[PDB]
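Only one chain is given next, in structure tokens, and it is the form deposited without ligand ADP.
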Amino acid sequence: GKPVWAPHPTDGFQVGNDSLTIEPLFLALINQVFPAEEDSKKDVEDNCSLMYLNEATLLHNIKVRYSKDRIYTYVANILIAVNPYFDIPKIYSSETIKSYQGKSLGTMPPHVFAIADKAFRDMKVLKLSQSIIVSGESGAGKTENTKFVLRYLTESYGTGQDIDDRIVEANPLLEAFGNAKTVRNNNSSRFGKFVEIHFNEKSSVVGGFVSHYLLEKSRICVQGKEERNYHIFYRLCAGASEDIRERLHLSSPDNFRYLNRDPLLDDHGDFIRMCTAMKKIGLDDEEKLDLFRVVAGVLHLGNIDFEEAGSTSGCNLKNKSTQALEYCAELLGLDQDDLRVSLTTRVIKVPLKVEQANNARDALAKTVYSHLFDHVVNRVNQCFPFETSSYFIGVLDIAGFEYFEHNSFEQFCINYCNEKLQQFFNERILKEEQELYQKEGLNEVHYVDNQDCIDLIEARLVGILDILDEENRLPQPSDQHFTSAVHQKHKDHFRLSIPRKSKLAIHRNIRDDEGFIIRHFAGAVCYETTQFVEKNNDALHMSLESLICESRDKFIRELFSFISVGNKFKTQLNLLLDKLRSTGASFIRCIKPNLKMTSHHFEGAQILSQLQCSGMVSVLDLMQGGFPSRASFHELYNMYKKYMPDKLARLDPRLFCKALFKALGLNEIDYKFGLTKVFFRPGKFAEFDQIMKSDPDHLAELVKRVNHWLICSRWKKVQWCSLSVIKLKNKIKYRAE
């Protein structure tokens, strides 16, 4: 008779009553039906104030709050932030910035400022750098939310100076070389950005630092339909002056292999706006042109084609590519012939076949652009340097968990990245719960982590990455031989299956040696493995490497699968994780309320999918291992005093709750009396509520049995308070003489 939540294709869940049949106000699988909150009209700032903490009740709560334009809700110290799609008045007001200062979490309403203030507070007290990890898909409000964290920190604990607006000025430079259009987003970030705000020994702001990770290298040469290379390429081709256009031999992006093909994409204008921003930054025409030269150089590189000639094998450049080669050699400051030899031979001179030279061309292109991006981020960092610092507070932004109808190596790496970030998310929430419980005077939270899914991927010798390397090292590498090696080595693995066992009909036609399913934290993903072997290899041979290092162009000299893409990805992912693990962590989860960028529309099923992809569902499950519901004494006083005799209602909130639990005989395993709240094991807040609503007479009786205890509690309270006052008086006199 209790209203439950059940699946609803467009709202995720709807109210109603192996599987189960549900009547709304329909067959459903048992484990997809959740207890609902009794009061559907209600609203809490911390979802841990609910009686049931699950994906359904969570979704319902933040919805209710969304309507009241309450976009920020907590789950413990985790912030959920739903994009309003309009400017909610005065919430990012400077006044509000002062009202959040030094305020403990949950003495103010939920807000990114509080997340931000808390990081500073812990930094200052614990003397430990801090990280704020943001999740969210495209259009989730992630960019704005980052601004607020930085704005808040700077006006609150900066010194008049203005590092945020500085970082805000510099950002257009990052976006040019680091963002590109994807199928789901016209301006997606393709690297990991850790924007650090640094602090001196006395916790005052003194500078910024953009740490960067894992630029997506494959995009530099190849993109899928609906995708493009990095913005800069197209901007330059559409916006450069007729002059620059001539020096760099530019032209339509359609004239470059490296640039696949959209009206709303204003490359011409964004190029102008980009230069405008470059100047505000102090970027003169000289280094501007130096940047554009390498960009063009890479574009021409990519145009060099090859063919077999029969030349006492080895291949050669198509004569049609002569121009691309001289242009490229010219822009990269290389000798046209040196370059040519090094693109078609390797060093003992091994000739290269067509495919191998293609890979040499692309390997050079990827390294050059990647070093260019390194340089670009370094110049951005120079727009707001500092001499030294003690600690920082950084906001981490990096592509989230993702899947499509077709998943390749790109999704594999990205999802592997989020699998390790999720492990980190879980560990730190577990830690927070444990320290919350200790702080409250109460316990190890039951949780099995996803270490096994991580090990499937990265374990030495037998991990998928190492099996992939192994394939690259074989005389005739094969995707199919690789895929089968993966299945045969993880025989009865919880986390791996063949595509034939997919929960989707679209995947069940894929052969055992054409794919595999990984059970990721967010759900099963089916990867098609064609090209995994090719995509794992982007190595640049030493002679071609030497060549670029010894460029006539001084700028380039300064930029500078034996080692596979997969392995470098792991190495880099681990450096980012090293940095995070050295900080105290907080989390913000941004939510896109719907596709159309429209206000006051709440796509249930679509926000639910995001909750899952962000690992929130994973975190709630983790919280079921401890005390997921907690309520202040005052709050419980308010809710339940009406069910008890007037005698109890005279007590203060803490003693009222004390009395209640003593009289009900509530065991101290399932119900925990903290310093500020009562903490409940799963189900137990609800049980306590039922008891409270039962036979008022038997209830008043139980209270009678507690009368001696209550009187002795009243005495001891004032007696020990008198003793406290006397000790405090003796302490003052102690500290004097």
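Throughout, we count residues from 1 along the sequence that is shown.
Below, we turn to the form solved in complex with ligand ADP, even though it does not appear here.
- Query: Tell me which of 525 to 533, 377 to 385, 140 to 148, 222 to 230 has residues with heavy atoms within 4.5 angstroms of ligand ADP in the bound PDB entry?
  - Reply: Answer to the contact question: 140 to 148.
- Message: Exactly one residue in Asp87, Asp266, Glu550, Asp452 has a non-hydrogen atom within 4.5 Å of ligand ADP in the bound PDB entry; which is it?
- Response: The residue in contact is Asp87.
- Contacting member of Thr276, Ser478, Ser93, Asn185, with respect to ligand ADP in the bound PDB entry [4.5 Å, heavy atom]: So the residue touching ligand ADP in the bound PDB entry, by this definition, is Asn185.
- Query: Is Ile556 a contact residue for ligand ADP in the bound PDB entry, using a 4.5 Å heavy atom cut-off?
  - Reply: Answer no; every heavy atom of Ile556 is more than 4.5 Å from ligand ADP in the bound PDB entry.
- Query: in the bound PDB entry, does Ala114 have a heavy atom within 4.5 Å of ligand ADP?
  - Reply: No, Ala114 stays farther than 4.5 Å from ligand ADP in the bound PDB entry.
- Task: State yes or no: in the bound PDB entry, is some non-hydrogen atom of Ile71 no more than 4.5 angstroms from a non-hydrogen atom of ligand ADP?
- Result: Answer yes; at least one heavy atom of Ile71 falls within 4.5 Å of ligand ADP in the bound PDB entry.
- Query: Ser189 near ligand ADP in the bound PDB entry, any heavy atom under 4.5 Å?
  - Reply: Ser189: contacts ligand ADP in the bound PDB entry.
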